[PDB]
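FYI, the numbering for the sequence shown is 328 to 556, going by my numbering.
Every residue gets a Cβ at the ideal spot worked out from N, C-alpha and C, and that includes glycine.
Contents: one structure, followed by commentary.
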Amino acid sequence: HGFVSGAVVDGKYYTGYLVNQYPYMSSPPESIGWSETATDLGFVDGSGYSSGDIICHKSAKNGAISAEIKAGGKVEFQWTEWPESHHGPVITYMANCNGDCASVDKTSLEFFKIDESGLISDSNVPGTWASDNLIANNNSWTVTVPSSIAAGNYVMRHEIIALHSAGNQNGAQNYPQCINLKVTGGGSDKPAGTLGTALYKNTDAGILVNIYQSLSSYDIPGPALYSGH
Ligand SMILES: [Cu+2]
């Protein structure tokens, strides 16, 4: 249980969608963070993987503004205090808005993976995951916008999948958080994108998984990190 309170985009801090505050305001500030209604700080599980909720979290609506970033620049995601029990991968996507991300139909967004991390060390079951690195780094995660992607407006979908109940069907807990980026400079790479509602199935190797028995390998779920980049 947690959410992204902010993002440092090419060195500039942007306040995210404060899901514990903005939903209760007469009129919340604009944010690069998408609004969403998981006001319990909860998750989308496998029962929701073909639902619109998996795209940018429960009933998500477009952030009204975007953060400019030179292609090649970094995004640092700031989470709330992530519970140690919520072991799992940290997966980050971009999708071209093909226009303004403020008015894109979230169900049209074609997500390509730009960063992924899973099981770091198996030594002491259930081991050290991306999510434990995130905790250790003051509950934050840094990714690169590839220097070679095409300039354009993109939703960056940042996600922790907690695997502590993933032993059972629909037990994995997805915590997607979307921000709006305006990528400048760049190259011409247009990686193959996947609809939010096609990213995961509840049978996937990295979704239906028992982290409490030693894993020889972990198969980070979702489409392939585009090898070009
Ligand atoms: Cu939780």
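- A buried status is given to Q500, since no fewer than 16 other beta-carbon atoms sit within 10 Å of its beta-carbon.
- For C424, the secondary structure class from DSSP, reduced to helix, strand or coil, is coil.
- Nearest in C-alpha terms to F438, of all of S354, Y545 and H485, is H485.
- With a threshold of 16 other beta carbon atoms within 10 Å, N464 falls short and is exposed.
- Residue environment: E411 is assigned as exposed (fewer than 16 neighbouring CB atoms within 10 Å of its CB, all protein chains considered).
- In terms of Cβ geometry, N507 and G390 form a close pair [threshold 8 Å].
- With a cut-off of 7 Å, the C-beta of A499 is classified as distant from ligand 1, since no heavy atom of the ligand falls inside that distance.
- The residue among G494, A525, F404 and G514 with its C-alpha nearest the C-alpha of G533 is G494.
- According to the DSSP assignment, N480 belongs to the beta strand (DSSP E) that extends over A477 to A489.
- With the rule of 3 Cβ pairs closer than 8 Å, the region 339-354 counts as touching the region 366-384.
- Remark: C-beta atoms of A398 and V510 approach each other more closely than 8 Å.
- Taking a cut-off of 8 Å for Cβ pairs, the region 468-479 and the region 376-387 do not touch, as fewer than three such pairs fall below it.
- The three-state secondary structure of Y351, taken from DSSP, is helix.
- Shown here for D531: same chain residues with a beta carbon closer than 6 Å to its own, the five before and five after excluded, namely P548 in chain order.
- The beta carbon of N497 sits closer than 7 Å to the beta carbons of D372, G373, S374 and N529 from its chain, once the five residues preceding and following it are set aside; these are given in chain order.
- Under a 10 Å Cβ-count criterion, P356 is classified as exposed, with fewer than 16 other Cβ atoms of the shown protein chains found around its own Cβ.
- Per DSSP, reduced to three states, the secondary structure at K440 is strand.
- Counted as a single uninterrupted DSSP element, the beta strand (DSSP E) harbouring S332 occupies residues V331 to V336.
- Rounded to the nearest angstrom, the gap between the Cα atoms of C428 and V482 is 7 Å.
- Ranking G338, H413 and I392 by CA distance to the CA of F404 puts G338 first.
- The Cβ atoms of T407 and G329 sit closer than 8 Å to each other.
- For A489, the shortest separation between its Cβ and any heavy atom of ligand 1 lies below 7 Å.
- The three-state secondary structure of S543, taken from DSSP, is coil.
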